[PDB]
Structure formats: C-alpha cells, structure tokens
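**Student:** what shape does this take:
(one chain, ligands or ions: 1)
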Amino acid sequence: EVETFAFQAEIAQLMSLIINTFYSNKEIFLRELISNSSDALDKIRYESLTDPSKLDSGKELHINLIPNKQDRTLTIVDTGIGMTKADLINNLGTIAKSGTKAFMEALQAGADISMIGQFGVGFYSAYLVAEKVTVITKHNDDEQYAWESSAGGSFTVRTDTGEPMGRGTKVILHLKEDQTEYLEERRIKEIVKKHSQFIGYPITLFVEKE
Ligand SMILES: Cc1ccc(S(=O)(=O)c2cc(C)nc(N)n2)cc1
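**Tutor:** Numbering: from 1, shown residues only. Okay, here it is:
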C-alpha cells in the first residue's frame, strides 16, 4: 500500500540546488536535523503542560544518533511530537514553500547553503550527504508512517508495519558512497560539539558493535 506524490515544484528545485551546488561544508546537515528534533521535542513538552496524557506514548525527551556501517546509514531519532500523515504529505511542504523562495533569493544575493535553517527548510540539507532519506514518524493523533525519497521530484508514504516507535521521528540517512565519514564516532562527536553543544535534550551517540 505505497502512495507516490510529487513534491511542489519549489521543493523539487530546492532539492536539486542542494544536490547540484558545489559546497564543501556538508557537515551542517547534522546541526539542521538535531535542530528539527529539538523543535519537535519543545512542541511535545509545551503541549504536555496543559495535557499530561500527551506523554502516555513516552515521557523521555531525547535524541539518539545511530550510525550503522553495514547498512551505510546514519539515523537521527527523537521522541518529539512526531508527524501525522497530513503533516508528512501536505502541511509541512506548504509551510516550506515561502522559506524555499526566501532562501533561493538569499543565495542569489550572497548567502550560502549553511544558512538554510534560517528559512525553516533545514530538513532538505539531509540531501547534502544522503542519496535516499527514510523518515519514520508517529504522532499521538495518527498511526506510524514511513516517508521516503531519493529526490528526482517524488516521495512515497506508506503505513509503517516495522518496529513501533511510541512517539517521535526517525530520519534515516542512506549515505552517499563518498560521505561515510558521517558514520565515524570521532567525526560525529566533533560535529555535535561544534554546532549542537547547547541543545536542551540529551544527545546519545551510539557506537558500533563491530
Ligand atoms: C518528510 C519530513 C517532513 C518534515 C520534517 S521536519 O523537519 O519539519 C520535522 C518535524 C518533526 C515533528 N520532527 C522532526 N524531527 N522533523 C522532516 C521530514
């Protein structure tokens, strides 16, 4: 039961720019995803103040970074608010439209790709290092879904029958062949310390079994 959707033309152009532009400072993708995780965790924490049952799906508010050399994936997991099917398919891409236009304008005026987060479209920076991105998400008001895209103007959404998450979002980065440094413990620690040292949630960098 896999549905295929076209990105809005502005998002497809943003993704092509990220993939095509020569830009060496790719490490910023991690700061952007951790920032998105922190925002989602802030959202559930805020909502839980007026409705404590919103934490019945899990009280722990944290971020896990999980590298896997065998699958060549780097996963960023949070126990934030999560996304409904409507968030995944339409609402978040609608918001992203204006941010995309402002960003592309800022770039033509002298800005650089690392400033993507100032335009609210930081998730797409995942395409600096990933040939494919899989997003597993679970919001309190909906079922678990798997979103996926290798760019090229489309994405898919399916209900996810994999390991249940409770609540939150898991961004799985299927890394490009030449971007395996992002699976290295020393490299991830360096990036987190440089760009994400003040995030208000524990960040656990998992290590590899082999
Ligand atoms: C496919 C997709 C849509 C939106 C996002 S996001 O950056 O807006 C976001 C939203 C939430 C609730 N959590 C996280 N981590 N990230 C990420 C990936």
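**Student:** and the chain, which residues reach the ligand?
**Tutor:** Residues of the chain lying close to the ligand (CB under 6 Å from any ligand atom) are 36-37, 40, 78, 80-83, 88, 92, 123, 135, 147, 169. Where you see a C-beta, it was placed from the backbone N, CA and C, and this is true even at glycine.
**Student:** select the longest helix from this protein.
**Tutor:** Criterion DSSP state H: the longest helix present in the chain is helix 28-50.
**Student:** pull the distance from that helix to the chain's centre.
**Tutor:** For helix 28-50, the gap between its own C-alpha mean and the chain's C-alpha mean amounts to 11 Å (CA atoms, centre = their mean, to the nearest Å).
**Student:** and it, what's buried?
**Tutor:** Of the residues in helix 28-50, those with enough neighbours to count as buried (16 or more other CB atoms under 10 Å) are 28-38, 40-41, 44-45, 48.
**Student:** which residues touch it?
**Tutor:** With CB atoms under 8 Å, 6 or more residues apart in numbering as the test, helix 28-50 has contacts from 54-55, 61-63, 65, 76, 78-82, 113-114, 116-117, 122-123, 125-126, 128-130, 167-169, 171, 173, 182, 188, 191-192, 195-196, 199-201, 203.
**Student:** could you rerun that using 6 Å?
**Tutor:** The contact list for helix 28-50, computed with CB atoms under 6 Å, 6 or more residues apart in numbering, reads 54-55, 61, 63, 76, 78, 80-81, 114, 117, 122-123, 125-126, 128-129, 171, 191, 195-196, 199, 201.
**Student:** over to stretch 127-141?
**Tutor:** In this structure, residues lying in contact with stretch 127-141 by CB under 6 Å, 6+ apart are 15, 18-19, 26, 29, 54, 57, 82-84, 126, 144-150, 160, 165, 167, 169-176, 179, 182.
**Student:** circling back: mind giving me the PyMOL command for buried ones among the residues of the chain next to the ligand?
**Tutor:** For selection in PyMOL, the members of the residues of the chain next to the ligand meeting the burial criterion (16+ other CB under 10 Å) are listed in this command:
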select buried, resi 36+37+40+78+80+81+82+83+88+123+135+147+169
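**Student:** quick check: the closest residue to residue 196 other than its chain neighbours vs residue 123, distance?
**Tutor:** In space, not counting the residues next to it along the chain, residue 196 is nearest to residue 34; the distance is 4.7 Å by CB to CB, 6 or more residues apart in numbering. For residue 34, the distance to residue 123 (CB to CB, to the nearest Å) stands at 12 Å.
**Student:** over to residue 184?
**Tutor:** Computed with CB to CB, the distance linking residue 184 and residue 123 is 23 Å.
**Student:** what do you get for residue 109?
**Tutor:** Residue 109 sits 23 Å away from residue 123, going by CB to CB.
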